[PDB]
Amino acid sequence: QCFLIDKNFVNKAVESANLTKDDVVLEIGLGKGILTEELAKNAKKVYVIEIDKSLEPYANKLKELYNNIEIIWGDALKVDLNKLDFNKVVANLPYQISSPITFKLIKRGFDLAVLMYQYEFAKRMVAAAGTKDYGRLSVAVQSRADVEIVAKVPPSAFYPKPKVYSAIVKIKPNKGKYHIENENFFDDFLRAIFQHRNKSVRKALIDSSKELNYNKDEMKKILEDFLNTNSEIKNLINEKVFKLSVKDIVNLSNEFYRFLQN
């Protein structure tokens, strides 16, 4: 249990969330309620999902001062987020749940999130194409949202003191930017190519053909056929996986899905 104890980083997170009294905020983790209090002050209402019932006295004290806090006791990975009406998410995330929670939240949808991650995880999220930290996580996030690191957060800001830095990350979903033909196929396509990130897209797809439910020979012939559709496709699939931009991977998988359909 890491608790964010530096009010200055609370402030930075809240300021970045651009809150008004029309906003409804989901917070993951109660902690000592320091972030919770700031959210309650500035938002219409705050939902807090907290797993540890020993923290109830913090919740209880807060609810005496604020009438717009609702506590949900449970695991945030299990809570049905469809049943909650919020537009923003602000949280010092338990790092253990970083990846699954991020995608469950984006799936549900929101206007804006400002979330604490471990610094290396944050770097991967925001990494530019063709760089050393660019990978599946980068494309999976950036294809669905604009993301940026607001601030690096030192271990001294938490208690107990962590081993590594954290980072505040701002996430603005953008449902219109890249346009995805089929989410399931896109997820499988991403999983296949990034299993071989230093190979050409062509070779990655053949090596990991079973992820897309084709055999290796089938996949070879498919890609021979696919490459002959246009010159843009040829140059994309011949390029190393990690060098393709998010835009290019989305378009490529879109064109590939339709090719496989037709």
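Don't overthink the numbering: it's just position in the shown sequence, from 1.
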item: Greater mean Cα temperature factor according to the PDB record, 173-181 or 133-141; value: 173-181
item: For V10, the third of its chain into which the C-alpha B factor falls; value: lowest
item: Chain thirds of CA B-factor: placement of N213; value: lowest
item: Third of chain Cα B-factors occupied by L227; value: highest
item: Chain-relative CA temperature factor third for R124; value: highest
item: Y159, C-alpha B-factor rank within chain (lowest, middle or highest third); value: highest
